[PDB]
Amino acid sequence: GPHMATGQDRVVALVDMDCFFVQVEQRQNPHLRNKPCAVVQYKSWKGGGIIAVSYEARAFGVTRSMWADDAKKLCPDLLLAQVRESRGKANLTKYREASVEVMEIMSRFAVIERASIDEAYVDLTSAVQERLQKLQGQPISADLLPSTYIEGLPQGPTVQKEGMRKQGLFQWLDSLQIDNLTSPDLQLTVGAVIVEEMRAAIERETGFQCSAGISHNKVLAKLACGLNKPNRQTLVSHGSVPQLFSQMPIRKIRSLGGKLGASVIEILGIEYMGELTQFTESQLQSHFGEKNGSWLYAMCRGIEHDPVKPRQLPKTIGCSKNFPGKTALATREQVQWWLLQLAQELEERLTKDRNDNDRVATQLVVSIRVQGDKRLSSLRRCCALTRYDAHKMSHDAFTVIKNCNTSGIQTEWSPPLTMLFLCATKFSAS
DNA sequence: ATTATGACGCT
DNA sequence: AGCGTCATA
Ligand SMILES: [Ca+2]
Ligand SMILES: [Mn+2]
Ligand SMILES: [Mn+2]
């Protein structure tokens with residue numbers, strides 16, 4: 001009891017842009033606003049592949065990974081925006097630059113960890129402490145939380161969605177002990193006040209809407225964020241975890257969506273996160289290893305210690321292209337032309353990176369896939385990256401992979417290449 | 001014939 | 001180092 005940690009020491013938020021590439025395109029083209037619409041890459045093959053979908057289009061059943069031609073069968077009036085093509089490939093620069101807009105605003109409030117192109121974690125523990133001393137034991141008004149859900153409320157002894165949200169928020173605020181500067185629930189609440197402010201700033205200054213989760217760690221904050229999308233934020237308290245987890249499929253928790261989560265389910269014969277509490281730490285470590293076992297033991301109790309890392313910039317800069325089915329690269333000059341295309345985009349992004357961020361990459365990673373291999377990558381080789389020159393990088397890439405060519409004819413490439421990948425890594429200050 | 005990424009774990 | 005896992009638009 002007295003010595004049992006509860007993982008309530010931090011306030012952590014996760015901010016995730018709603019339908020992000022779609023919002024980037026809707027800001028640019030007002031005709032797409034408030035419409036079923038999606039973002040697609042390429043066209044020729046089945047109308048192109050969908051990579052983002054507006055909430056209006058989701059109502060028709062449109063999803064990511066859908067071919068646009070198939071999406072049009074569900075939603076005939078679906079509007080589409082295409083990813084830019086440069087040097088024969090999709091080019092995601094517009095969305096990377098829009099990401100920077102948002103990340104720079106968030107950084108004004110706190111240290112952030114860039115977790116994807118459209119989301120970052122925030123450690124708000126310090127900011128909350130400051131805001132609490134500004135508040136002077138003064139109660140938090142519902143007006144300060146106009147888009148916040150309190151997960152698990154209302155409960156106990158109106159049929160509209162916004163009405164339910166306010167009911168829950170009222171119950172929460174009615175219970176709050178604002179006289180205690182160290183109450184975790186109060187700290188989360190002030191955290192939510194700050195995230196309302198952050199989200200207002202993002203929308204004001206970019207036009208983009210986002211959702212957010214506020215909790216005591218990254219996993220709960222990420223989970224919370226998704227609970228009420230779009231354009232809303234959700235507070236998941238330590239106390240809300242047993243009920244939340246009692247019906248929460250294991251695969252919904254970050255890092256458990258794949259093989260490990262499948263094994264937790266199969267080996268233990270359970271379905272929900274909460275069911276993990278019935279195993280000892282040693283039992284979990286026996287099945288899933290020392291690190292995963294300890295992580296699972298604490299996580300199913302709502303506790304996790306992974307820090308919000310102070311990193312706003314990506315650690316690698318990469319440029320990849322698939323060559324599916326019949327477009328697979330079967331000649332040396334094909335291979336060399338596409339290495340150059342990739343290397344030219346890589347040089348452009350690397351040079352911009354060096355100017356913006358005062359750093360230089362020092363290692364070039366080259367990866368290919370061969371036709372037939374089920375694995376995404378077949379072969380990965382590194383070499384020195386000593387100069388930002390596309391022709392040098394592409395010549396070097398060819399050198400490190402050219403021995404993969406089984407063909408007795410050096411003119412021909414076999415087995416044909418179905419993927420090329422160039423990645424700059426190992427940055428040093430400059 | 002989802003594709004284009006990007007972080008981190010294992011040995 | 002090279003490979004695998006898991007994640008996001
Ligand atoms: Ca998003
Ligand atoms: Mn996201
Ligand atoms: Mn998504």
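Below, chains carry the letters A, B, ... as their sequence lines are ordered, and counting in each starts from 1. In what follows, every heavy atom counts, from backbone to side chain, and hydrogens, waters and symmetry copies are set aside. Start at 1 and go down the list; that is how both ligands and their atoms are numbered.
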Report task. Tell me yes or no: between the side chains of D118(A) and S99(A), is some donor less than 3.5 Å from an acceptor? Result -> no
Query raised in the report: Going by atom types alone, do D123(A) and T125(A) pair a side-chain donor with an acceptor below 3.5 Å?
Result: yes
Query raised in the report: Given atoms OE1 of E119(A) and OD1 of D118(A), what angle do they subtend at the Mn ion (ligand 2), to the nearest 10 degrees?
Result: 90°
Report task. Would you name the N/O/S atom of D16(A) that lies closest to the Ca ion (ligand 1)? Result -> OD2
Report task. Identify, by name, the N, O or S atom of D118(A) lying closest to the Ca ion (ligand 1). Result -> OD2
Using a strict cut-off of less than 4.0 Å between a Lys/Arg side-chain nitrogen and an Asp/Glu carboxylate oxygen, indicate whether [X] and [Y] qualify as a salt bridge.
X	Y	value
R108(A)	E205(A)	yes
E119(A)	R114(A)	no
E162(A)	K166(A)	yes

Query raised in the report: From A52(A), does some N, O or S atom reach closer than 2.8 Å to the Mn ion (ligand 3)?
Result: no
Query raised in the report: For the Mn ion (ligand 2), what is the closest N, O or S atom on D16(A)?
Result: OD1
**Report entry** N/O/S from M17(A) sitting under 3.0 Å away from the Ca ion (ligand 1)
**Finding:** yes
